[PDB]
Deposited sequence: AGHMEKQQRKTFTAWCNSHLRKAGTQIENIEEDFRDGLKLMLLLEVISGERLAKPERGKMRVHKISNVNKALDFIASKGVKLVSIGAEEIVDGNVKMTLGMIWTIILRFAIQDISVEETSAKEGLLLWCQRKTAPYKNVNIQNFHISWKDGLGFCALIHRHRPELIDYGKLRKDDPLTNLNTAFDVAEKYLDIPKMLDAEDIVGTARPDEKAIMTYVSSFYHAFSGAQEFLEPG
């Protein structure tokens, strides 16, 4: 339970499905749908463009999950436990998906010889720097009023948002505007809940990084496989 888990369940699920839809499927319950490892394997194949080992019981689920872990390991990722994944351990399942997001969607981001998390932050800063009422300094409260998200969109597609009519003191509108526009026009699923952001002063960094990284991939064209489906 908890605020962190709630945000991660929403964001991670939406991110996974932005890619799984390319493979003709999707998960519908992150606490249950990776337990048999099939969808975990399919997700890895979609975002890497590589072919994993060929995929109904206990060790059958363990085997598929292990096939997924083997692939992750061959890509340099640390490594939770296969048993805990098969058993539906929420914390560990979310942690595993985060390691996948970090490795396959953020780690390889680079701007002005800066990479991974710092690279993504700098890209955000470069894109939003022109806007006087935005000041991205982190992956949490800097995005709370919603102008940052609106700025990322406006910098790439000025006709989608009338930036000058955005008022910092109406964050619900700023957030909903960016979220709806990104979903409709950019194919970036709503990974964040506007009302829930207004209700906190500590939005989850991993959830925010995940969502912003999708804007990077939607606009850069840097990594074909990471573009939203």
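According to the record, the deposited residues with no C-alpha atom in the structure span 56-58, 83-84.
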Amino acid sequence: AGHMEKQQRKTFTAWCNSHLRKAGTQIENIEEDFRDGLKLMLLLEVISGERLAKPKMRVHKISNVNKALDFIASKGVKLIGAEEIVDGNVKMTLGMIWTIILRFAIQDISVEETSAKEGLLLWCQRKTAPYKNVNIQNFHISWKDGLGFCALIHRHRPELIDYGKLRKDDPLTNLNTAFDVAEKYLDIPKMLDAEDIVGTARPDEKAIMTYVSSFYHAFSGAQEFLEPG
From here on, numbers count along this sequence of modelled residues.
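Comparing 179-187 with 162-170, the higher mean C-alpha B-factor in the PDB entry belongs to 162-170. Comparing 66-74 with 193-201, the higher mean C-alpha B-factor in the PDB entry belongs to 66-74.
Of the candidates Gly95, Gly81, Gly148, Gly119, the deposited coordinates give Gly81 the top C-alpha B factor. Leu43: CA B factor lies in the lowest third for its chain, per the PDB record. Per the deposited record, the Cα B-factor of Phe139 falls in the middle third when ranked against the other modelled residues of its chain. In the PDB entry, a CA B factor belonging to the lowest third of its chain's modelled residues is recorded for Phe12. The entry lists a Cα temperature factor for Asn89 that places it in the middle third of the chain's modelled residues. In the PDB entry, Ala105 places in the middle third of its chain by CA B-factor.
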